[PDB]
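Chemist: Quick one: the structure is below, questions incoming.
Coordinate-derived values only; no laboratory data. Positions of Cβ are backbone-derived with ideal geometry, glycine not excepted, and every protein chain shown enters the neighbour counts.
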Amino acid sequence: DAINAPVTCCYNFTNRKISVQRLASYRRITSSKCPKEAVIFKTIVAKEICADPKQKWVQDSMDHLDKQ
Ligand SMILES: [K+]
Ligand SMILES: [K+]
Ligand SMILES: [K+]
Ligand SMILES: [K+]
Ligand SMILES: [K+]
Ligand code: NA
Ligand SMILES: [Sr+2]
């Protein structure tokens, strides 16, 4: 269940863009406990990075990853 599940949020967004070749996947932050809308990219070396879904590169990267 989710009632007592911990919730993961984003507070800081990466300043710099990440090339598609370095991205393995993403997930969205849905929880209304979180301060703002966010995307977490997991890179090809499993590092997790907060990114702002308002930014266009973030949107396009998400679409690309969705396809493969
Ligand atoms: K300069
Ligand atoms: K220039
Ligand atoms: K191209
Ligand atoms: K212009
Ligand atoms: K494209
Ligand atoms: Na140059
Ligand atoms: Sr640039």
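Chemist: Of all residues in the range 32-53, count the ones that are within 27 Å of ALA2 (Cβ to Cβ) and surrounded by fewer than 12 Cβ atoms within 10 Å (Cβ to Cβ).
Modeler: Residues meeting the conditions: 5.
Chemist: Give the residue that is farthest from the chain's Cα centre (by Cα), with candidates limited to residues of the range 26-60 that are farther than 13 Å from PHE13 by Cβ and among the small types (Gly, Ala, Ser).
Modeler: For the range 26-60, the residue satisfying everything is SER32.
Chemist: State all residues of the range 20-30 that are surrounded by 12 or more Cβ atoms within 10 Å (Cβ to Cβ) and farther than 15 Å from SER61 by Cβ; if no residue qualifies, say none.
Modeler: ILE29
Chemist: Report yes if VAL39 is in contact with a helix residue (DSSP H, G or I) (Cβ under 6 Å, 6 or more places away or on another chain) and at negative phi, otherwise no.
Modeler: In short, yes.
Chemist: Looking only at the range 13-68, filter to residues that are in a strand (DSSP E or B) and polar (S, T, N, Q); which one of those is nearest to ligand 5 (Cβ to nearest atom)?
Modeler: Going through the qualifying residues, I end up with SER25.
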